[PDB]
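One structure is given here, and the rest of the page talks about it.
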Amino acid sequence: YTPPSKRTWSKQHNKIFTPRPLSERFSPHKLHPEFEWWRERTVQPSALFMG
Amino acid sequence: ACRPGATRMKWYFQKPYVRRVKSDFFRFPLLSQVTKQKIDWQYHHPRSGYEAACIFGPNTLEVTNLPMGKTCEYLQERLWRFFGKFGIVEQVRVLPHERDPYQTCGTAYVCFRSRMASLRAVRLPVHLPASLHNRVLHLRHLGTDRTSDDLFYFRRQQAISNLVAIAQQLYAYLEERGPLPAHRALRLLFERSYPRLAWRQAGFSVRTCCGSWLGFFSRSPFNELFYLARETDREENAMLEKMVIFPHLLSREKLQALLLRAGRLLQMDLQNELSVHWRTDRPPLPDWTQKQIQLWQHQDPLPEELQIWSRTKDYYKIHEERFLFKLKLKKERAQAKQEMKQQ
Amino acid sequence: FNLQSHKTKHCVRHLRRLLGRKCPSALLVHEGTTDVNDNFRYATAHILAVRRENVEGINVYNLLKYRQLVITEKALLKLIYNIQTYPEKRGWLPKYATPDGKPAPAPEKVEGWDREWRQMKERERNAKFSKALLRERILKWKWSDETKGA
Amino acid sequence: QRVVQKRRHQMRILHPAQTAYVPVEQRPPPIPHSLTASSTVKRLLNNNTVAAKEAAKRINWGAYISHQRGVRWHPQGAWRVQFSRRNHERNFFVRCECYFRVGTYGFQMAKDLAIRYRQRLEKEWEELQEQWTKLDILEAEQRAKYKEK
Amino acid sequence: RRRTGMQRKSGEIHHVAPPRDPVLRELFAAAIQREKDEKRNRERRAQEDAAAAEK
Amino acid sequence: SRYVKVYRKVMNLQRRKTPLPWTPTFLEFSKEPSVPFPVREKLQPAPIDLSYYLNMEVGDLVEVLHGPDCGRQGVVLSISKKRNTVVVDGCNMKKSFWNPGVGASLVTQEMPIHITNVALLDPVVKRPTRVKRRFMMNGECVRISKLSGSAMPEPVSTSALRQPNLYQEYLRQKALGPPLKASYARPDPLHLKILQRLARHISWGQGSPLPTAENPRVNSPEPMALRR
Amino acid sequence: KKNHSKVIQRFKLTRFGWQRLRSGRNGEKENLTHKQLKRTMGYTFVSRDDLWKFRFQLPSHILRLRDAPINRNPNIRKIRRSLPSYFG
Amino acid sequence: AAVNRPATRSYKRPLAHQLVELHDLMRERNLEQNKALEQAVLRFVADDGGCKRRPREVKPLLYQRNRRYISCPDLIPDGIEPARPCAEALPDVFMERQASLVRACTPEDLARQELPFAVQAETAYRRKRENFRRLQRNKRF
RNA sequence: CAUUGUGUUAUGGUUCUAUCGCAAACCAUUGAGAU
RNA sequence: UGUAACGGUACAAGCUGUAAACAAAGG
RNA sequence: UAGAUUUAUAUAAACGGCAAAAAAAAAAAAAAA
RNA sequence: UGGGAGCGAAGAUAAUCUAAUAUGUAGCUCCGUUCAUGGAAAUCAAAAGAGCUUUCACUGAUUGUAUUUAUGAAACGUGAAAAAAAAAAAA
RNA sequence: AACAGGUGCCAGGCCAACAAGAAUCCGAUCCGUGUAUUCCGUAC
RNA sequence: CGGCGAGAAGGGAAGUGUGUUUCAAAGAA
RNA sequence: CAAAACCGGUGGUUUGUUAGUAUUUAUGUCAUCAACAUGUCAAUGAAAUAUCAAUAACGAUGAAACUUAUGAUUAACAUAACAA
RNA sequence: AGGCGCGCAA
């Protein structure tokens, strides 16, 4: 067991969370298969009114 | 290890934006003077900078330069505490960062109860301590366009340097020509304006650091250099028109120490007006209210009874007799000291 | 080992002149800076029967592996110095706790420093009161239970 | 911790016996070690008693001493004559194991005959060495003469 | 590359550039011409020996 | 647990660039042979240069897709084909160090972003796109974006993109070593030239006495001489 | 190495051997004489038969046994004084 | 010793004028030929007082098996070939050359044996110094 | 000391391995480029 | 990304996509 | 990088409440991952 | 992932058995590994001092916990590796 | 002697586009990158 | 031939004899 | 007391001559799951761009063949030939 | 840096 610290005692749920990419640890210099770079995405409409 | 809570915050150094090709708007778009960010005509709407006025009413200030590494709620509480000095604050809001809702983008809005309170609040910028990245918050009133005076601190530092130079000049003049009348001596003293240091008649540093020449002479340590002697603005002029300034005969070391002391005291005067206390002219607060105020910044230590369970069995005997007796003796000593304080 | 030509053939001829035509292998020892030059390093780079080493890398293994040892005078003196001063570096020799590190003069003994001990030995040498002296010693002295010291 | 056990006796640390050096101009030769293989001498040495110590003084140990290399006493009851040589170049290996028995000849007569035997063996060895050197020189002469052709 | 490429008789070869100083440049040219002259001497001797053997 | 230490040791052995250089010293022998090598699986997919197939070149405008720079747009400054990495202007500002030149105490600069974490931007819609190379009859090449069918603008020129790489200058200075003493670094050309003349005499004089006012004669050096 | 924290507590290593207290020190002693009580509250040495246990229970504390020298050379025996020379 | 030290803030080094003045003093006392002084001058000049700096370079002791080839002509005067040995092979050291390798000792040999290591090192240094020679070309006669 | 055995030789029975491969590290070179 | 189903190809543990092994000589 | 390049691999996540059918009116409705 | 987080066993040792060991291990779910973990003292220590954090060796299988089995990269400290604090009031 | 590949098997000089031997003698039945002797190239 | 002194939180910890020592529960690569 | 680099391109070394090799289905099971089948892509040979001629014999090529060449290889085990 | 040993005689 690692006792918490000033920067580490607060945590979020693994699945119900507010996404904050600025603070989430990431390694941009590596390939991430989870993002499926090979797979093309669909460009959705940027504005919708009444669906 | 796990997903980060609001205790873990990160930010990164911002590269200054340079339009390397001035004509290439696709890759080097113009910055907006309102939002201070790249123009995105495809996916953004023009902002006049007065939108928050329609939300928070005319008595609103926009605050800019708020730091990183702080929760929007913590900053809201701190700004409310600061701006309560000028009146009743209806609301304080701090805009979150685009990439981290737990941190601020650097902008806030303060809505006051009274126009006069908001106008009084807008006059001076807000200097923050090191824990807030030493930032100087800039204030802008949405109903009158009035802005804070972001150069106040450095202009006052220049004024203090000018005052020290004036004292040295006057002492040299007295040492050369001997005692001199006030209305003739004062015209030989000059200051250097801010920030480019152009020579000027010395009348502004005196009134920004002391309020008048009589205040300058009567306030320490300049009364240890000079001695005024009898042979509103009208009273000041008449009173000075019938005086002679005499020097206090000092050595070089004593005079240098006095000049340094004057500089330090004026610096303290400058810091006081920026660190005026937030409880000034306000009612006392109960102990519970003070504890609630403290909790915004610090958490109380966890109970020692819960803490004892952290003593690992590998090296400790949990709930050990000598350790618990030591705790009891410490508690007794603390209670005895508190009783002594009470008596 | 300074050469004015980089050609392998000239160095081969020099080696053959020095060691003959029947030399199995050679170890060439030099200091590195002013004892040998890049021409020599180029010339020897394709003579599979010879191996270049600096003084720091000399071993019983190298000396046994390579039949001949060809050493410059500078490298030989460097090796001799290293060998002769190694015991001092490793601390296998006595020190003298003086600023110069050399031995200090041995003082003279104070006269009569052992006269009482000599007299006590002379008294005890009669040896006829053996049990009495033994009992005196038993009363006076005590064996220690510690493992270090007296 | 490597503690060496020590023994104490009469308030002293007990040590194995140890004697000093007594210079001698000419140490006399030892009594032969072969005597220690006899039952009588073995018992004399193994019994630390007054009778043994008196028999030791009564025994004439000087009669067993041989003043000749290669001649000495054997528990057989005889004088052993030894002479060992190995010559690989000439393929000649000699090991003399001669015995002159007291029962056959007599103590002193057997001793004398053994000494004479050893002396003769030495003389013959010297003469053989000389002859071998001569023959080797002759062989070299023959090989050179053959190579002349 | 000998692991994944074609077979090649010669490895990577570099020929030293001439020195800039004119004196050393002349000496270098002399050395190169000497190499060439030795090769040509070998070739001419071979031809002469072949002709003599033929006759 | 009593295995974490040895596990960390054996895992660092996987990253160690063994053998490392080792300076010989008298009667010392290297431990490099005793150090084991990292273990890897050698049967893997072959190397590829994804920039070639993606038609991404220095000077193109791209968007960072994931990480603390998500949604940021910048011009590509450098492409590493072996690493399949890209340097994007004003993104991944991770490398900070003491300033090697003039200005503030610290300077920070970008670090490579893997090419898969980045995407080309359509000139009309300004969203991630795919770019294909088409060829006209004359052989002129045109890069076309999938989303709008627009031609890609010509990449920004190296002259406009150029910026000094201060981290490499910092590395060079660090390799040189700590700052010199001011007194040692002060130039002394006259005494240095005197010492250089003395050094010439020392190195190439063959042990002849130095010139003096009494006998300033020039001693002729001996040649090596042929054996006869 | 590893030592036995329980075994170590009952013994003391000295220059003359391992030492130990005596069982019956903390027991019923009303019926002992004064001599027996003195011996009971004194100490003694671990018997040679029990030393092999230490080799494995207390590896870091070694007592190097030293018995008397056993030298069978006939020349060092008292009877050598009755001989004119040594045996060799 | 000091000229080899780095020129950083924590080291003590002689300055250029200090070296020149020391050389002048030894010259006045007829010690300008001092081995240590000469080597100090050489090492100081090599680095220009430690101001020109480069990463530590190691002169190779081994080369890779299939290294590249640098082609350069023999930069040697004409008519020059390496010297040839006398005869084919020298007599066997053990079988026939025993007498030539042993000689009766003399007091001069004992004195040479007793000479000190500093003298031996100075002898070697000066020998290399004197024997640093080269072959001349036609235009240098 | 067999034509129901043995000695010797022969023929069968019999294990199956033909590099379709070789940095992500380091060394040395060389363009562009910075100083 | 990787893999596979069918189809074409010497009806195949290879290659390959209905343009299924080849365009390099266009206003 | 001359072109072409079928089908399956349940994908609005280049994205944000969780929760069947990659995301379902409020509530019922429940959770160590 | 013998790295980090959550939950969390038995076969085995204790010559049965309990604690403790196995072990905070296996399985299950979640991070995704030097661009990381962590972190610039309301710290540790003695009445002298050290100076964020991190890695290695020693101190030492010592002082400890378990009290039939075993566990224990303890603390201070010593010798090394690496070295950093904080560009930043606006422009 | 790791002066790599290929050539009928063990080749620095036969091929391999940039160095150097169709070298000589001896080989049960074919060949020899083999034995013995010798020359040459090599900053490979 | 050095003079009454340059804004150091009234809080945490350390034996319970705290006269003393140390720190500030408040900030960046 | 001696001595004093970054991004492309091109090769080489080490990992690794000392270590190992892993991609396709025949066969089992309701399923989880299990599991080195069948020598080698390859007649033999260095070469088939040496298998020609031919009812048969002598011939052809080859170092070796209508065959110890038109698949090789122990023991146990199978069959024969010769011998007193 | 550290580890073991360091006469009981004179």
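The sequence lines fix the lettering, A, B, ..., with proteins before strands; numbering per chain opens at 1. Note: hydrogens, waters and symmetry copies are ignored here, and every other heavy atom, side chains too, is used.
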Within the supplied structure, the quantity of interest is the number of heavy atoms (other residues, nucleotides, ligands) at a distance under 6.0 Å from [X] [atom1]; does it exceed 12?
{"X": "C:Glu116", "atom1": "CD", "result": "yes"}
{"X": "D:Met109", "atom1": "CE", "result": "no"}
{"X": "H:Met95", "atom1": "CE", "result": "no"}
{"X": "D:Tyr117", "atom1": "OH", "result": "no"}
{"X": "G:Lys38", "atom1": "NZ", "result": "no"}
{"X": "C:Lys95", "atom1": "NZ", "result": "yes"}

Which residues pass the side chain to side chain donor-acceptor pair (under 3.5 Å) test with [X], sequence neighbours left out?
{"X": "C:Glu73", "answer": "H:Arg127"}
{"X": "C:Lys78", "answer": "C:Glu56"}
{"X": "H:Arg103", "answer": "H:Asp109"}
{"X": "C:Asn59", "answer": "none"}

Quiz item: Restricting to pairs with a member in residues 133-150 of chain C, which pass salt bridge (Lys or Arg N to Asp or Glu O under 4.0 Å), not counting sequence neighbours?
Solution: C:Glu124-C:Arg137
Self-check item: Sequence neighbours excluded - salt bridge (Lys or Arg N to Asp or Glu O under 4.0 Å) pairs with any residue from residues 89-98 of chain D
Solution: D:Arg80-D:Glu97, D:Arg95-D:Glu97
Exercise. Give a yes/no verdict on a cation-pi contact between D:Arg8 and G:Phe16, requiring under 6.0 Å between NZ or CZ and the six-membered ring centre and an angle within 45° of the axis.
Key: yes
Identify the two heavy atoms, one from [X] and one from [Y], that lie closest to each other, and give their separation to 0.1 Å.
{"X": "F:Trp22", "Y": "F:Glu32", "result": "CB-OE1, 4.1 Å"}
{"X": "D:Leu45", "Y": "G:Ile79", "result": "CD2-CG2, 3.8 Å"}
{"X": "C:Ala104", "Y": "C:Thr98", "result": "CB-CG2, 4.3 Å"}
{"X": "C:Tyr66", "Y": "C:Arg51", "result": "OH-CG, 3.1 Å"}
{"X": "G:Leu21", "Y": "G:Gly42", "result": "CD2-O, 4.3 Å"}
{"X": "C:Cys23", "Y": "C:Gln68", "result": "SG-CG, 3.6 Å"}

Practice problem: Just grab all the ring-ring contact (aromatic ring centres under 6.0 Å, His included) pairs involving residues 51-71 of chain G, residues at least two apart or on different chains. | Solution: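 For residues 51-71 of chain G, and leaving out neighbouring residues, the ring-ring contact (aromatic ring centres under 6.0 Å, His included) pairs sorted by first residue read G:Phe11-G:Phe54, G:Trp18-G:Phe54, G:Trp52-G:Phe56.
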Quiz prompt | Residue pairs, two or more places apart or on separate chains, that pass ring-ring contact (aromatic ring centres under 6.0 Å, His included) and touch residues 4-36 of chain D | solution = none
State whether a side-chain donor-acceptor pair under 3.5 Å links [X] with [Y].
{"X": "D:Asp136", "Y": "D:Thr133", "result": "no"}
{"X": "G:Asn73", "Y": "G:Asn75", "result": "yes"}
{"X": "D:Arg101", "Y": "D:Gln76", "result": "yes"}

Go through the structure and list residues passing side chain to side chain contact (heavy atoms under 4.5 Å, CB included) with [X], not counting sequence neighbours.
{"X": "C:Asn126", "value": "C:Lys128"}
{"X": "F:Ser34", "value": "none"}
{"X": "H:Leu90", "value": "H:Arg97"}

Quiz item: Should C:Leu69 and C:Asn62 be marked as a side-chain contact (heavy atoms from CB on, under 4.5 Å) after you check the CA-CA gap, both sets of side-chain angles, and the distance that decides it?
Solution: CA-CA 9 Å; C:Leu69 166 58; C:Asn62 283 318; over 6 Å; no
Self-check item: side chain to side chain donor-acceptor pair (under 3.5 Å) between G:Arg77 and D:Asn46, worked out
Solution: CA-CA 9 Å; G:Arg77 296 177 179 175; D:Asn46 281 313; 3.3 Å; yes
So does [Y] get a backbone contact from the side chain of [X], meaning a donor-acceptor N/O pair under 3.5 Å?
{"X": "F:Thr25", "Y": "F:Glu28", "value": "no"}
{"X": "G:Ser82", "Y": "D:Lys57", "value": "no"}
{"X": "G:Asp50", "Y": "G:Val46", "value": "no"}
{"X": "D:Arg118", "Y": "D:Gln82", "value": "yes"}
{"X": "G:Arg15", "Y": "C:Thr147", "value": "yes"}
{"X": "C:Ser130", "Y": "C:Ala127", "value": "yes"}
{"X": "D:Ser34", "Y": "D:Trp73", "value": "yes"}
{"X": "C:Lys89", "Y": "C:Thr85", "value": "no"}
{"X": "G:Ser85", "Y": "D:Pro29", "value": "yes"}
{"X": "D:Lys42", "Y": "D:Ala37", "value": "no"}

Taking the side chain as C-beta and beyond, is there a heavy-atom pair between [X] and [Y] under 4.5 Å?
{"X": "D:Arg85", "Y": "D:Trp125", "result": "yes"}
{"X": "H:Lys128", "Y": "H:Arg126", "result": "no"}
{"X": "C:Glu53", "Y": "C:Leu27", "result": "yes"}

Would [X] and [Y] pass as an ion pair if we require N to O under 4.0 Å?
{"X": "D:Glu141", "Y": "D:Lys145", "value": "yes"}
{"X": "D:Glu139", "Y": "D:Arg143", "value": "yes"}
{"X": "D:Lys134", "Y": "D:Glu130", "value": "no"}
{"X": "C:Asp114", "Y": "C:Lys121", "value": "no"}

Exercise. Check each of D:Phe107, D:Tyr105, D:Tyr64 against D:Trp79 using the ring pair (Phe, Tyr, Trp, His ring centres under 6.0 Å) test, and report the only one that passes.
Key: D:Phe107
Practice problem: Could you tell me which residues satisfy ring pair (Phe, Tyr, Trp, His ring centres under 6.0 Å) with C:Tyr86, sequence neighbours excluded, listed by chain and number? | Solution: C:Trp92, F:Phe26
Exercise. Begin with the C-alpha distance, continue with both residues' side-chain angles, and end with the deciding distance and a verdict on side-chain contact (heavy atoms from CB on, under 4.5 Å) for C:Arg123 and C:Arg118.
Key: CA-CA 9 Å; C:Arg123 289 201 309 272; C:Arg118 228 201 309 109; over 6 Å; no
Quiz item: Are C:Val29 and C:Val70 close enough, and set up right, to give a side-chain contact (heavy atoms from CB on, under 4.5 Å), and what steps lead you there?
Solution: CA-CA 6 Å; C:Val29 172; C:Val70 189; over 6 Å; no
Quiz item: Do the ring planes of G:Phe87 and D:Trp61 sit parallel (below 30°), tilted (30 to 60°) or perpendicular (above 60°)?
Solution: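 Rings of G:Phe87 and D:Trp61: perpendicular, over 60°.
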Exercise. Given side-chain contact (heavy atoms from CB on, under 4.5 Å), test D:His74 with D:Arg72 step by step and report yes or no.
Key: CA-CA 7 Å; D:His74 199 274; D:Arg72 82 146 46 183; over 6 Å; no
